[PDB]
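Note: the block below is coords-v2.txt and it holds compact mmCIF, C-alpha atoms and all ligand atoms.
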```txt
# COMPACT_ATOMS: atom_id res chain seq x y z
CA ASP A 176 -90.11 82.40 211.21
CA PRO A 177 -93.59 83.91 210.83
CA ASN A 178 -94.47 85.94 207.74
CA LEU A 179 -95.72 89.52 207.53
CA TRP A 180 -98.83 90.28 205.46
CA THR A 181 -100.34 93.64 204.50
CA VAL A 182 -103.99 94.74 204.56
CA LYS A 183 -105.51 97.94 203.19
CA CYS A 184 -107.64 100.12 205.47
CA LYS A 185 -109.37 103.48 205.63
CA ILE A 186 -107.30 106.66 205.70
CA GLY A 187 -107.21 108.09 209.22
CA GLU A 188 -108.32 104.97 211.14
CA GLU A 189 -105.39 102.89 212.39
CA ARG A 190 -105.40 103.04 216.19
CA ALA A 191 -109.15 102.43 216.21
CA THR A 192 -108.59 99.37 214.02
CA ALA A 193 -105.79 98.16 216.30
CA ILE A 194 -107.90 98.47 219.45
CA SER A 195 -110.86 96.80 217.73
CA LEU A 196 -108.66 93.87 216.70
CA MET A 197 -107.30 93.62 220.25
CA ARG A 198 -110.84 93.55 221.64
CA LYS A 199 -111.91 90.91 219.12
CA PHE A 200 -108.93 88.69 219.96
CA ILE A 201 -109.48 89.03 223.71
CA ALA A 202 -113.20 88.26 223.31
CA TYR A 203 -112.64 85.30 220.94
CA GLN A 204 -109.50 83.73 222.43
CA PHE A 205 -111.22 81.15 224.68
CA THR A 206 -113.67 79.93 222.00
CA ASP A 207 -113.63 77.22 219.34
CA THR A 208 -112.64 79.78 216.65
CA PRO A 209 -109.53 81.57 217.94
CA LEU A 210 -107.34 83.95 215.96
CA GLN A 211 -103.93 82.72 214.82
CA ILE A 212 -102.56 86.22 214.19
CA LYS A 213 -99.29 86.97 215.99
CA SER A 214 -99.25 90.79 215.99
CA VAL A 215 -100.08 93.83 213.86
CA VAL A 216 -97.94 96.88 213.02
CA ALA A 217 -99.52 100.32 212.57
CA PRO A 218 -96.68 102.84 212.14
CA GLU A 219 -97.56 106.44 212.88
CA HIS A 220 -95.88 107.83 209.75
CA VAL A 221 -97.99 105.66 207.42
CA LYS A 222 -101.72 106.29 206.94
CA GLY A 223 -104.03 104.14 204.79
CA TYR A 224 -103.24 100.51 205.51
CA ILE A 225 -101.97 98.31 208.33
CA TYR A 226 -99.76 95.25 208.69
CA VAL A 227 -100.42 91.84 210.23
CA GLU A 228 -98.22 88.90 211.21
CA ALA A 229 -99.13 85.32 210.29
CA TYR A 230 -97.74 82.27 208.54
CA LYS A 231 -100.36 81.73 205.81
CA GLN A 232 -102.80 84.05 204.06
CA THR A 233 -105.83 81.94 205.03
CA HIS A 234 -105.18 82.70 208.71
CA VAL A 235 -105.60 86.47 208.34
CA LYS A 236 -108.29 86.02 205.68
CA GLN A 237 -110.49 84.11 208.13
CA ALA A 238 -109.37 86.25 211.09
CA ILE A 239 -110.58 89.53 209.54
CA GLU A 240 -114.09 88.18 208.84
CA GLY A 241 -117.08 90.16 210.09
CA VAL A 242 -115.21 93.43 210.67
CA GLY A 243 -116.74 96.28 208.68
CA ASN A 244 -113.55 98.37 208.53
CA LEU A 245 -111.24 95.95 206.67
CA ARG A 246 -113.94 94.94 204.18
CA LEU A 247 -112.20 96.94 201.45
CA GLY A 248 -108.91 95.07 201.84
CA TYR A 249 -110.46 91.60 201.90
CA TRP A 250 -110.19 90.32 198.31
CA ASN A 251 -106.42 90.85 198.02
CA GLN A 252 -103.57 89.90 200.38
CA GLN A 253 -100.13 91.13 199.33
CA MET A 254 -96.94 89.51 200.64
CA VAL A 255 -93.76 91.53 201.17
CA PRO A 256 -90.21 90.10 200.96
CA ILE A 257 -88.33 88.98 204.04
CA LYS A 258 -85.95 91.94 203.72
CA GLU A 259 -88.80 94.33 204.63
CA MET A 260 -89.24 92.73 208.07
CA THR A 261 -86.99 95.31 209.78
CA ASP A 262 -87.49 98.65 207.99
CA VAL A 263 -91.13 98.96 209.10
CA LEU A 264 -90.15 99.37 212.76
CA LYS A 265 -87.59 102.08 211.94
CA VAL A 266 -88.52 105.63 212.98
CA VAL A 267 -86.74 108.84 211.91
CA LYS A 268 -86.49 111.70 214.40
CA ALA A 271 -92.73 111.17 220.39
CA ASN A 272 -91.04 114.38 219.21
CA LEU A 273 -91.71 116.09 222.55
CA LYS A 274 -88.60 117.33 224.38
CA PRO A 275 -87.95 120.65 226.16
CA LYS A 276 -85.40 123.12 224.81
CA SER A 277 -86.16 121.96 221.24
CA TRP A 278 -87.31 123.80 218.11
CA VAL A 279 -90.88 123.45 216.81
CA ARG A 280 -93.04 125.11 214.17
CA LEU A 281 -96.59 126.47 214.21
CA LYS A 282 -99.52 125.94 211.84
CA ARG A 283 -102.34 128.10 213.23
CA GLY A 284 -102.33 131.63 214.64
CA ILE A 285 -100.36 134.45 213.01
CA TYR A 286 -96.82 133.05 213.21
CA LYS A 287 -97.46 130.58 210.40
CA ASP A 288 -94.52 128.73 208.85
CA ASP A 289 -92.13 130.06 211.51
CA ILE A 290 -89.61 128.37 213.82
CA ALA A 291 -89.96 128.74 217.59
CA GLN A 292 -88.46 127.18 220.73
CA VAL A 293 -89.96 125.14 223.57
CA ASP A 294 -89.37 126.38 227.12
CA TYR A 295 -91.63 124.46 229.53
CA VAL A 296 -94.07 121.55 229.20
CA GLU A 297 -97.20 121.13 231.31
CA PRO A 298 -97.70 117.57 232.65
CA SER A 299 -101.45 118.04 232.14
CA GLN A 300 -100.86 117.57 228.38
CA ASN A 301 -103.21 120.45 227.55
CA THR A 302 -100.94 123.43 226.82
CA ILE A 303 -97.23 123.99 226.21
CA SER A 304 -95.13 127.15 226.35
CA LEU A 305 -93.28 128.53 223.35
CA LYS A 306 -90.63 131.13 222.51
CA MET A 307 -91.13 133.47 219.55
CA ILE A 308 -90.35 137.09 218.72
CA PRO A 309 -93.45 139.31 218.31
CA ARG A 310 -94.35 140.51 214.83
CA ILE A 311 -97.19 142.94 215.61
CA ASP A 312 -96.94 146.58 214.56
CA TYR A 313 -97.51 147.81 218.15
CA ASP A 314 -100.85 149.38 217.12
CA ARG A 315 -99.60 152.15 214.84
CA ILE A 316 -100.78 151.05 211.38
CA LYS A 317 -104.12 149.38 212.11
CA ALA A 318 -107.17 151.49 212.92
CA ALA B 2 -106.70 90.30 229.74
CA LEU B 3 -109.24 93.13 229.79
CA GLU B 4 -107.26 95.17 232.35
CA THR B 5 -104.22 95.74 230.11
CA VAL B 6 -106.13 96.71 226.94
CA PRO B 7 -106.39 100.53 226.68
CA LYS B 8 -109.88 101.84 227.42
CA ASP B 9 -109.81 105.32 225.85
CA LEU B 10 -107.33 106.44 223.21
CA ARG B 11 -106.97 109.89 224.77
CA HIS B 12 -104.42 110.43 227.55
CA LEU B 13 -102.20 107.40 226.96
CA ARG B 14 -98.60 107.01 228.15
CA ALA B 15 -95.93 104.32 227.82
CA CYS B 16 -93.26 102.81 230.04
CA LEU B 17 -89.54 102.87 229.28
CA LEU B 18 -88.43 99.45 230.57
CA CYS B 19 -90.89 97.07 228.88
CA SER B 20 -92.73 99.74 226.84
CA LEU B 21 -96.22 99.00 228.17
CA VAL B 22 -98.77 101.28 226.47
CA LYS B 23 -102.06 101.79 228.31
CA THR B 24 -104.41 104.54 229.50
CA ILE B 25 -103.66 106.98 232.31
CA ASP B 26 -106.54 105.63 234.40
CA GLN B 27 -105.09 102.12 234.09
CA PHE B 28 -101.65 103.45 235.03
CA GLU B 29 -103.05 105.15 238.14
CA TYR B 30 -105.14 102.14 239.21
CA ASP B 31 -103.32 99.02 237.95
CA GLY B 32 -99.96 100.43 236.86
CA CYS B 33 -97.10 98.60 235.20
CA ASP B 34 -97.96 94.89 235.19
CA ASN B 35 -94.75 93.42 233.75
CA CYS B 36 -92.68 95.26 236.39
CA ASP B 37 -94.48 96.26 239.60
CA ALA B 38 -92.42 94.92 242.51
CA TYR B 39 -89.28 96.58 241.12
CA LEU B 40 -91.01 99.83 240.09
CA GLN B 41 -93.60 100.52 242.83
CA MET B 42 -96.00 102.28 240.47
CA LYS B 43 -99.44 101.41 241.86
CA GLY B 44 -101.02 103.84 244.30
CA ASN B 45 -99.73 107.17 242.97
CA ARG B 46 -99.44 109.51 239.98
CA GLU B 47 -96.19 111.36 240.63
CA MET B 48 -94.17 108.20 239.96
CA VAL B 49 -96.21 107.61 236.80
CA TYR B 50 -95.19 111.00 235.46
CA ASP B 51 -91.63 110.58 236.79
CA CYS B 52 -90.88 107.33 234.96
CA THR B 53 -93.43 106.97 232.16
CA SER B 54 -93.29 109.51 229.33
CA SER B 55 -95.80 110.34 226.61
CA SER B 56 -92.98 110.80 224.06
CA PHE B 57 -93.28 107.53 222.16
CA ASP B 58 -94.50 106.37 218.76
CA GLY B 59 -95.57 103.08 217.22
CA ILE B 60 -98.08 100.49 218.43
CA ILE B 61 -97.82 96.70 218.16
CA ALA B 62 -100.42 94.10 219.16
CA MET B 63 -98.22 91.67 221.07
CA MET B 64 -100.03 88.39 221.78
CA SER B 65 -97.43 85.56 221.59
CA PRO B 66 -93.98 86.84 222.62
CA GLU B 67 -92.69 83.28 223.04
CA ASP B 68 -93.14 82.78 219.27
CA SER B 69 -92.54 86.06 217.48
CA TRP B 70 -89.64 87.63 215.63
CA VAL B 71 -90.86 91.09 216.62
CA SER B 72 -90.67 89.96 220.25
CA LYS B 73 -87.14 88.64 219.73
CA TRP B 74 -86.05 91.86 218.01
CA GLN B 75 -87.54 94.11 220.70
CA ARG B 76 -86.37 91.85 223.56
CA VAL B 77 -89.84 91.60 225.10
CA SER B 78 -90.24 87.82 224.97
CA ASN B 79 -90.22 87.43 228.78
CA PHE B 80 -93.16 89.85 229.23
CA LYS B 81 -96.91 89.35 229.39
CA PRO B 82 -99.13 89.93 226.34
CA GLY B 83 -100.26 93.49 225.78
CA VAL B 84 -100.07 96.60 223.63
CA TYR B 85 -96.42 97.69 223.44
CA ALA B 86 -94.55 100.22 221.31
CA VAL B 87 -91.41 100.26 219.17
CA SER B 88 -89.85 103.62 220.15
CA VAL B 89 -90.12 105.40 223.52
CA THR B 90 -87.92 108.49 223.85
CA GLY B 91 -86.65 109.29 227.33
CA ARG B 92 -84.30 108.33 230.13
CA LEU B 93 -84.92 107.76 233.82
CA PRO B 94 -83.29 110.18 236.29
CA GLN B 95 -80.20 109.29 238.30
CA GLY B 96 -82.19 108.42 241.43
CA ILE B 97 -84.20 105.40 240.30
CA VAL B 98 -81.92 103.68 237.76
CA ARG B 99 -79.27 103.01 240.42
CA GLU B 100 -81.35 100.60 242.51
CA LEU B 101 -82.45 98.50 239.53
CA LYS B 102 -78.93 97.19 238.95
CA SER B 103 -78.49 96.58 242.69
CA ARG B 104 -81.72 94.55 242.75
CA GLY B 105 -80.71 92.68 239.59
CA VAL B 106 -82.63 94.54 236.90
CA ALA B 107 -80.72 95.45 233.73
CA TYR B 108 -81.76 98.90 232.49
CA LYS B 109 -81.68 98.98 228.69
CA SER B 110 -82.62 101.70 226.21
CA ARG B 111 -85.84 100.77 224.41
CA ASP B 112 -85.51 103.71 221.98
CA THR B 113 -84.60 101.56 218.98
CA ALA B 114 -85.22 104.54 216.69
CA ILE B 115 -82.33 106.41 215.11
CA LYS B 116 -81.41 110.10 215.45
CA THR B 117 -80.92 112.09 212.25
ZN ZN C 401 -92.25 98.85 231.37
```

Structure re-expressed in C-alpha cells:
Amino acid sequence: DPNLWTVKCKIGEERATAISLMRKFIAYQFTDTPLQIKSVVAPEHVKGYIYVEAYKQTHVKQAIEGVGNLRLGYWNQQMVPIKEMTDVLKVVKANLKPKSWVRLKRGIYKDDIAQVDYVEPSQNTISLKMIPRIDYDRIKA
Amino acid sequence: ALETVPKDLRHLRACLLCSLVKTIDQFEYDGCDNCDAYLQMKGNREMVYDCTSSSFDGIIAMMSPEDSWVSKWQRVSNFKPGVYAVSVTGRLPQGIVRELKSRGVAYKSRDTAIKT
C-alpha cells in the first residue's frame, strides 16, 4: 500500500496550496515530467502543514519543486507510522444544521449560547435566537 | 480535467453520493459528473440546493482511485478523478432517494465522521 508523508506549510494557507497543487498536476500530467503523488490531505482542524501520499520520499521531493509556498518544508520529509493512516480522516462534531445551538464572537452577546432558527440558501446571513440584554434605554444618556 | 477543478474558493458546495466538491458556477453549468443520468442536476439550481449541501469538511486531491487506500476506505474507487471530501453532513429527502434503489443505485451515507 502507498505511504503517507508530511510536509510543513504556512499557517493559514491550506486550501490555496491544495488548489495550486491540483492545477500543477493537471497542467503537468501529459508531459515528460509527471507527478507521482496519489493524493493530499488538508484537514480543516489542523493549520500549519499538509499531508501527501506517495511511496518514496524522492517522489514528493521532486514533485514539490518550483513552488514558492512549500519552500520552507523542503529540506525535511517526516514519515508517520502506518497506524496513523486512519485517524487523520476522522472528524469530531460542516457544523451547519437548523434547530442547533451556536455561539457568537462579535457584537454585544459575546461568549453566549444562542439557537439557530432559519438558514438562508444565499449563504450570506443566518437567523439566530437570543434573549435581549439591553437596559431598554433607562440607564444610558 | 479543467472543468472539475474548482475555480473560486468562495461559494463551494459538495454532493452527498460521491462527495464531489466544486464551485457553484460549475454545479449550475456542468453539475455532478460522476452521477448525472441518475441525478438530473444540469440545467437548474433548485435541485443543486435540494441535494447538495454546504455542510461538509475535509478536502482530498483524488487523482488515482484505482490505486489508493484512501479511495478504498472512502469507497470512491469507481469514480472519476477530482476534488472530493471526507465528511458531508446531510440526508436526501424522502422523494428522491426512493427512485435510486429502483433504478439500481445504492444510497450510502458518506458522513464517515463520528457524532460526539
Ligand atoms: Zn456525488

Protein and nucleic acid residues within 6 Å of ligand ZN 401 (chain C) (all atoms listed in the file) as a PyMOL selection string
chain B and resi 16-21

For a cutoff of 6 Å around the file-coordinate point (-87.5, 102.2, 223.2), which residues qualify once you count all atoms listed in the file? I'd like the result as number ranges by chain.
B: 87-89, 110-113

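Minimum distance to chain B across A:260, A:245, A:255, A:266 (counting all atoms listed in the file) occurs at A:266.
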
Interatomic distance between CA of residue 192 (chain A) and CA of residue 3 (chain B)?
17.0 Å

Chain A residues near chain B (9 Å cut-off, all atoms listed in the file) as a VMD selection string:
chain A and resid 176 to 177 190 to 191 193 to 194 196 to 198 201 212 to 220 228 260 to 261 264 to 268 271 to 274 298 300

Please measure the separation of CA of residue 284 (chain A) and CA of residue 221 (chain A), giving the value in Å to one decimal.
27.3 Å
